[PDB]
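Have a look below at one chain only, the form deposited in one PDB entry, in structure tokens format.
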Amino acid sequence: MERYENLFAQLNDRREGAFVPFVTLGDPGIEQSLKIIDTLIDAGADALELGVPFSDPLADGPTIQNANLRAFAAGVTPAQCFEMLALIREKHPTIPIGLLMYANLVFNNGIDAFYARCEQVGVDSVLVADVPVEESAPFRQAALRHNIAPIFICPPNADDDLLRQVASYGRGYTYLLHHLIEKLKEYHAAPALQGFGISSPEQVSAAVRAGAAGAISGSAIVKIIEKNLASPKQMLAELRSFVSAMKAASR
């Protein structure tokens, strides 16, 4: 499928950026999680970045670590996450769905099998947090064979050589953490999405003005969740407010 391609084309014809929220699948529970995701979508999310609870997320901060803890507490497993992924796709046919994974979970039962499973449930992209471009060959290849976009992070301390690799290796969108943006477009890199620190409307508009195709809220959404644990209903309400606010800023 070409969900990202279609989304960005649609957003360009409407001169607006994309807003992409991240959440951990199964946090704080399967059911509440499915409700959260549908709320994020109804509030205006352009695409999703979903994380699968991993025992040692050595590439995540405090907020997300707690999300995994909450998810594990509810007994969330990768198999259940994939059951959720399927349910989510069945309800929403065009929204791009990207997964944020850790290498072992992808390699565990065969890298190829993992991407075959992603394609089957309707996943659009996969970003393996602990696989640098130098070690991505097996992953991006498997991803391509199953029509999955291999997403790569373009760090700030990146140099020209890295920009060139990210540009030819990545698909769907470039996960960016002025010059970098222009250079990525120079190398025909996938549309760039500003990440990190994205937690307020003004940050979304700033990203779009800089030339990025959108923004990704790496943990703001997770934060709203942990603060409203005692009230599932108020949680969905605040999530709906924040997301519509963030989305509005991309227009």
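Under this definition, the rigid core comprises the largest set of C-alpha atoms superposing within 1.5 Å between the forms. All residue numbers refer to positions in the sequence shown, first residue = 1.
- Unmodelled deposited residues between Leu177 and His178: 10 or more, per the record.
- Mean CA B-factor, 199-207 versus 44-52: the higher value falls on 199-207.
- Two stretches are in play, 230-238 and 18-26, and the higher mean C-alpha B-factor belongs to 230-238.
- The entry assigns its greatest Cα B factor, within the set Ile36, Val222, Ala189, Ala213, to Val222.
- The maximum CA B-factor among the listed residues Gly170, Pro155, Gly110, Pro93, taken from the PDB record, is found at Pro155.
- Annotation for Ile181: C-alpha temperature factor in the highest third relative to the rest of the modelled chain, per the entry.
- Per the deposited record, the Cα B-factor of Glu135 falls in the lowest third when ranked against the other modelled residues of its chain.
- The entry lists a Cα temperature factor for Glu83 that places it in the middle third of the chain's modelled residues.
Beyond what is shown, the protein has a form deposited in another entry; the following relates to that form.
- Aligning the rigid core between this form and the one not shown and inspecting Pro191, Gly195, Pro57, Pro28, the C-alpha positions shift by 2 Å or more at one residue, which is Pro57.
- The pair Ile216 and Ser55 is tighter in the other entry: their Cα-Cα distance falls by no less than 3 Å compared with this form.
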